[PDB]
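K.L.:
I'd like to ask some things about the structure below.
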Ligand SMILES: Cc1cc2nc3c(=O)[nH]c(=O)nc-3n(C[C@H](O)[C@H](O)[C@H](O)COP(=O)(O)O)c2cc1C
Ligand SMILES: Cc1cc2nc3c(=O)[nH]c(=O)nc-3n(C[C@H](O)[C@H](O)[C@H](O)COP(=O)(O)O)c2cc1C
Ligand SMILES: Cc1cc2nc3c(=O)[nH]c(=O)nc-3n(C[C@H](O)[C@H](O)[C@H](O)COP(=O)(O)O)c2cc1C
Ligand SMILES: Cc1cc2nc3c(=O)[nH]c(=O)nc-3n(C[C@H](O)[C@H](O)[C@H](O)COP(=O)(O)O)c2cc1C
Ligand SMILES: O=C(O)[C@@H](O)c1ccc(O)cc1
Ligand SMILES: O=C(O)[C@@H](O)c1ccc(O)cc1
Ligand SMILES: O=C(O)[C@@H](O)c1ccc(O)cc1
Ligand SMILES: O=C(O)[C@@H](O)c1ccc(O)cc1
């Protein structure tokens, strides 16, 4: 594999159609899904030359831990959909690569099992109708050694996934939400209906700023709000005591027509003015994309779909190869741009171009 | 049906070619028709997160009536072209959905029959060569319980519809202008000539600001000027006593090269500064599009062609299904954007993107 | 014919390939040729509503003569290439339509014959190596009743027409420059070489501001400089005593990469501030395009290729039909935009859109 | 050949696939490669009219030598890949055309042999791990009569060339780095690996500002820094004593996502404010492109790939024909734009357009 695109081709070959669609798809007309790519493609970097590159390092310190790259594996629910080893395969590869792994509320292997892999993991939280279940998950995550709580704030309910609706997508019997008893809702098959979407409407309570405060009071871990796009919500996140935010439109899966995170990132970085870490996701497909995100001010990126392509294609080894490729591309891009550190990359300037 | 696009496919299958073309087409090169879509596709919403969504409502108050959505059915002439029940089918579905229905001057069922369906309808006015006929129509509409007069101001005559000209389109014998004796002009078949266009040139007198004043003096109902695009015309509409305007290029059917309404909407909303309701139409094809229009400042939208797709596909039940789908999409988009009310949606910010 | 595009299709059918290419083509990569269309397509008009349209007139006064439309037939060399009646057919149709016709220095029928058709024609001047021949042409034109001298200033030599080079294009024996003895240069056939281009390099002297003054001193007729794109050249044209300019890139046939005239027009109109007439050409293909040009400030447009399509398709009657179609489209567009006169159309505002 | 595009077609026919790919390709997704073309295509020139063109000259003075055009042949490694005569063929044609030729550190014929051709050549420097080898090359170049040192500053290592990786590209046995003993690294064949890229990582030391000073102190020749894109790096180049810079993204072969040089050129020209020569390269494919670069402020351009197309197609004679074509196109474009000298072309204004 010489690019991430090689992995998508590999994953389309092996996965069942409806599972590839669950992975690839977005909400509505997929405008936001496509815009995440368009937005990155329009950014050009203004590289610097003739700087010392005798010790180029791609490492960052984030949430009290050194990471090998300015990158983490995004939370992706139900990883057993893509490979039998699911989250364990991805977590092992991430650990070995020195990349944080985000354990999901809707993981198909229990959070404690995934945490036992090691690698100082993060935990993604969905707010549930019974608050106590969500706060218990936070405490479980913390007890298990997770190092940050990534509270997803852009899913009061699931978006309208037309591929899933048309496919009548439902979880296979052998994939479950291992952190719960989540009931049978996501497994029932109904025509023209996404079973996971009606499961979400039944199970999820919309989170509010009060929910954020309840989480912040319940843990010593940094709380990271994922799904922020409005500048004032970024500012309020800092005021609320968040240790970070992820500037994100949920991979185009939530509001169709939501601005790409990459388009809000610079304005958000300026507004928070170092008050929290500012991550971004959506459409990161190369080390050069990582560099672009960094140059726009991101502390780090998340990568979602490509990690699942690698998992589907070749399990743990596939994820390892993806992370090695990304690591090489990030090092390459940084050095070619005159950056011996991620901090230097954040000081790069950019210019918008066309198509 | 999981999107409005499903209905267009359904309608193309069933309708005769020349009738589908009468419905789908625009004037000239169809530049304005296409631009209505392009304009919406370039707008991205900046959603808000973590707000209370315990009682999301899509309702608005407009022209003294609560509507279930920030949407009305646009005036579309000659609905019996699309289904035998024509306007009655659409009006019944709109009534049941709590959506205002606009009865047309050129309705193929009489305005009194359509009004008798109930649902507190609006009445669209074309100015006719004999003024008295137009003012009599206004009084008929008011007597029949219509709640607003939507005076269409962008048709001094009909645009050059090249599809209709090439098809030699004429009304079938069984479709007539039921509010009149409209003569035989729209039924005569002449090669290279749109019969409806030469009927319009013969029948319609260009409206002026004096015509608006004559209407305003003849009724207690709110007068809504449909087809406003210039900021100064919006301002003058308020000065003239209009209760609303519809910012519109008539679905790309009138001046080819007219700016899309969606491109003028924000500037118009700022200029009228709450002095009248500001509606928009042209290319609204989803709840997300409704949200975009609302975020740009619209009080409500009109929807034209999709309602006719639904009517053609499945009559009253088709229109019902379309309105239920739109209602769900509007609720979904609003909540995902952090808006518990349409007023909150109007306070959303937007950002232009590419393609 | 219901659009100008109908005529291009008709002309491609009938004309020999190399002649269609001589007509259609531009210089270099044809970037400027395509940009002339792109530039118009990006302009949208903001129409006005509710104005008095009881006496819509498309007439203008220009160079001391009333014209039926804000339009003239552009100078196009060698019209016998397209139809045996050549310039006489086009001039007769233009006369009958009340549209000025521009007689070319390189007309294939003598300027006196074309002038005898009537219709108060204009005369286009190329500066020749022997100055006296060019000044004699000016005096011939004036003696014959031409009413303006359109001095083409963007052809110090002919552009690189790659279609003509690849075709080895040369004039047929039966088409000559009837105002001269122009020699045999444009008729000799050489592979990979445009015979008309090497004829031009041999025959034409580059014009300068001194040439303009020589012409201005030699005639009482208004001198109109065709091919102006720089704002300072427009200003200097006024200072030099020009009665008009044509803002033009010569239909993309001269400098490949020259800005479209339509893109410079507004700035030029502002800079000359009523000091001369400001015409534009390049890519005008409808009455709506005329309206756009007018709204950007043009006094009038020239139309080139479409007139030749009409000539090729159906001779004099073809040109008549084209001019009738354009007249109807201009009237239609003006009225739909709320303009009872061309002056009102010049006061319309515009907005740039995308694709 | 009537355009440069004719030569690319000719070269694709004759060259082996992997060699054409080594020539044509860029790094990563080839975003920067494509953007070099897009960037030029968006620029339009505002030509001037009516200026004296009695002695149009395309000549410039640069680095103490008159050049026939504002153009030099870019450094392109390993020219024997394209034709058996390699660099000698290109250098002879450049000499005969009066165009500077840039001899490469990685030339496949020794720099002294190429210099012996005559034509006052330039020498391109790569910084090598043993500094002394690079400084010895500079002294060899100077002793051999090279007139400028073009220090390439954008290759701390070679970019990720995915075409070369996929092809497993390696130099054929009969092509070597003739200025060295360069070892066997670039010839070894490894699957999924570019042999030239791992040779570069092994052989090249990243250059720094200290390296620039070492070169500047070692020669009396002008030092020209090739690969500058940041405005502050251009300013620093002047402060460092550079006689010129080449604003360049290395033909899209280095950082994928690097801004095109043409997009930075105007800002760089303003910032250096005559303190050094400012050249540009990337995607120059016609005399009109040269004119655009000049109008944006360039002193001269480099041309890379097209020279190799010509070499591959027809050897020395091919390169001669390419340079004659470019010379004619530059003269044509300049005159059509009203420029009797390159200095006048630099005073032209430009306007951005679309696609
Ligand atoms: C199949 C799938 C499942 C996901 N599950 C979750 C989730 O449970 N929680 C969450 O916060 N985000 C979830 N996401 C969103 C990702 O964390 C991330 O925002 C998005 O995938 C990033 O875009 P990318 O896929 O373009 O890299 C999911 C994304 C995908 C594709
Ligand atoms: C077939 C058809 C007939 C129409 N008839 C009328 C009419 O009689 N009066 C009017 O004001 N607008 C009329 N319109 C314009 C619509 O009210 C509306 O402005 C346009 O359809 C909105 O764009 P949309 O179709 O993209 O939703 C008509 C539109 C169509 C497609
Ligand atoms: C075949 C052809 C011949 C032309 N001959 C002349 C000419 O002799 N003199 C001149 O000033 N312009 C000439 N032009 C340019 C036109 O006057 C005009 O600028 C251009 O055609 C306008 O663009 P349009 O063809 O897109 O309408 C010619 C154009 C064409 C296509
Ligand atoms: C096959 C190839 C080899 C090259 N070798 C070198 C090199 O050895 N040194 C260097 O500074 N640039 C090198 N370049 C970059 C060129 O000098 C130049 O920047 C680029 O080709 C200009 O873009 P163009 O090819 O679009 O004209 C090379 C380019 C190509 C295509
Ligand atoms: O985007 C998703 O699919 C993910 O965020 C999700 C999956 C299942 C679910 O119930 C809710 C959200
Ligand atoms: O756009 C239309 O077709 C509609 O507005 C209309 C229909 C018939 C007519 O005579 C005049 C206008
Ligand atoms: O654009 C043209 O072809 C026209 O302007 C022209 C024709 C013949 C010629 O010799 C010089 C110019
Ligand atoms: O772009 C290139 O290929 C050229 O700059 C280069 C060639 C070989 C090499 O080892 C290093 C650079």
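Please read every residue number as a count from 1 along the shown chain.
Structure determined by X-ray crystallography, 1.3 Å.
In case you wondered, yes, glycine gets a Cβ from its N, Cα and C as well.
I grabbed these lines from Swiss-Prot:
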- B:124, B:152, B:226, B:281, B:282, B:283, B:284, B:285, B:304, B:305: FMN binding site (BINDING)
- B:126, B:161, B:253: 2-oxocarboxylate binding site (BINDING)
- B:250: active site, proton acceptor (ACT_SITE)
K.L.:
In Å, rounded, how far does the Cα of residue B:250 (active site, proton acceptor) sit from the Cα of residue B:124 (FMN binding site)?
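P.N.:
Cα-Cα, rounded: 13 Å.
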K.L.:
For B:124, B:304, listed as binding-site residues, tell me which one has the smallest number of other Cβ atoms within 10 Å.
P.N.:
B:304
K.L.:
What is the total of other Cβ atoms whose distance to the Cβ of residue B:284 (FMN binding site) is within 10 Å?
P.N.:
27
K.L.:
Are any of the binding-site residues B:124, B:253, B:282, B:284 near ligand 7, with a Cβ under 6 Å from it, and if so which?
P.N.:
none
K.L.:
Going by Cα-Cα distance, which of the binding-site residues (B:126, B:161, B:253) sits nearest to residue B:304 (FMN binding site)?
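P.N.:
Of the binding-site residues B:126, B:161, B:253, B:253 has its Cα closest to that of residue B:304 (FMN binding site).
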K.L.:
Can you tell me how many other Cβ atoms are located within 10 Å of the Cβ belonging to residue B:250 (active site, proton acceptor)?
P.N.:
28
K.L.:
What number of additional C-beta atoms lies within 10 angstroms of the C-beta atom of residue B:226 (FMN binding site)?
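P.N.:
Other Cβ atoms within 10 Å of residue B:226 (FMN binding site): 25.
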K.L.:
State the Cα to Cα distance, in Å, between residue B:226 (FMN binding site) and residue B:161 (2-oxocarboxylate binding site), rounded to an integer.
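P.N.:
Distance (Cα to Cα, whole Å): 20 Å.
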K.L.:
Taking ligand 6 as the reference and 6 angstroms as the Cβ limit (strictly under), which binding-site residues among B:124, B:161, B:282, B:284, B:304 are close?
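P.N.:
The ones that qualify number zero, so the answer is none.
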K.L.:
Ligand 2: which of the binding-site residues B:124, B:126, B:226 have a Cβ closer than 6 angstroms to it?
P.N.:
B:124, B:226
K.L.:
I'd like to confirm something. Which of the binding-site residues, B:124, B:282, B:284, has a Cα closest to the Cα of residue B:161 (2-oxocarboxylate binding site)?
P.N.:
B:282
K.L.:
To the nearest whole angstrom, what is the C-alpha distance linking residue B:126 (2-oxocarboxylate binding site) and residue B:282 (FMN binding site)?
P.N.:
19
K.L.:
Provide, as an integer number of angstrom, the distance between the C-alpha atoms of residue B:282 (FMN binding site) and residue B:253 (2-oxocarboxylate binding site).
P.N.:
10
K.L.:
Reported as an integer number of Å, what is the Cα distance between residue B:253 (2-oxocarboxylate binding site) and residue B:284 (FMN binding site)?
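P.N.:
It is 15 Å, counting Cα to Cα.
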K.L.:
What span in Å does the FMN site cover, taken as the longest CA to CA distance among B:124, B:152, B:226, B:281, B:282, B:283, B:284, B:285, B:304, B:305?
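P.N.:
Taking every pair among B:124, B:152, B:226, B:281, B:282, B:283, B:284, B:285, B:304, B:305, the longest Cα gap is 22 Å.
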K.L.:
Among all the protein chains here, how many other CB atoms are within 10 A of the CB of residue B:253 (2-oxocarboxylate binding site)?
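P.N.:
I count 24 other Cβ atoms within 10 Å of it.
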K.L.:
If you count Cβ atoms within 10 Å of the Cβ of residue B:282 (FMN binding site), leaving out that atom itself, what do you get?
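P.N.:
Result for residue B:282 (FMN binding site): 32 neighbouring Cβ atoms inside 10 Å.
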K.L.:
On the Cα atoms of B:126, B:161, B:253, which are listed as binding 2-oxocarboxylate, what is the maximum pairwise distance in Å?
P.N.:
19
K.L.:
Let me make sure I understand the structure: which of the binding-site residues listed (B:126, B:161) has the fewest other Cβ atoms within 10 A of its Cβ?
P.N.:
B:126
